[PDB]
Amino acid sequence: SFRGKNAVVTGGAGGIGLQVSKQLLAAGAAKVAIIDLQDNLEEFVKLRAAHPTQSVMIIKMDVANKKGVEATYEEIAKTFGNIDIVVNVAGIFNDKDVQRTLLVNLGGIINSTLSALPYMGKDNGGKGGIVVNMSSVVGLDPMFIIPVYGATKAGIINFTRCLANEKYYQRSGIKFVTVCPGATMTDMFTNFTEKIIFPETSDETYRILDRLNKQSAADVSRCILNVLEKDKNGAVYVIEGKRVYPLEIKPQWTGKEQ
């Protein structure tokens, strides 16, 4: 299934990304590299032990750091020698810090995606592969409480769909997929109300926070592995209530000129 495959996962020390890393290994992935800010060291020790015939590599790196990411990917390629799968999950919610939100959520995805390509492409010696970028349902349909976060999520979609063009695919053999999950119980929502732009919308946060138990990080991760098996270039998937929904995206309809 994913046996013999080499994978990289940003945000792979926690939440959804952690479950992606775990499940990839449990699905028989040869090698798994984790790029994250947080150490979670005790957790990775036991993970190595549970997969003694599989490589588990952790690099502490901020995905916002372009050169850092570039360097990190270099280190991975020395060890791995090839990359088949990239899952870019890293992201934060903090609408009070615009610059950080933009650079992490949108720049991180881009930095990681672009840094991986030379080690994956059929041109430059690779065998091709797949990149899955973490967007959100709110990137598809704006959610008024969280405009800055949402903007970064919409950007990820546009970015990822672009790279899936036939022009690139024929040359690189790399596929590009976006996933858009709904509310999911993770540390991203810790102190959520403290981090929203408009304090007078604190009484509307229930709209998100009451739905967190409707799917888990593990559930979302299972849907992601499902998305990987489909291996369909340019696809966009919604992940809601533990299920995967393929989107057929149609261009916007235009009214008569005013």
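Note that residue numbering follows the sequence shown and begins at 1.
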| query | finding |
| --- | --- |
| Given 148-156 and 125-133, the range whose Cα B-factors average higher in the PDB entry | 125-133 |
| Given 189-197 and 55-63, the range whose Cα B-factors average higher in the PDB entry | 55-63 |
| Residue, from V227, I208, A29, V220, that the PDB entry assigns the highest Cα B-factor | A29 |
| Selection from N111, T184, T101, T79 [criterion: highest C-alpha temperature factor in the record] | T79 |
| Chain thirds of CA B-factor: placement of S172 | highest |
| Modelled-residue ranking by C-alpha temperature factor, third containing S216 | lowest |
| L106, C-alpha B-factor rank within chain (lowest, middle or highest third) | lowest |
| Ranked C-alpha temperature factor of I249 among modelled chain residues, by third | highest |
| For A164, the third of its chain into which the C-alpha B factor falls | middle |
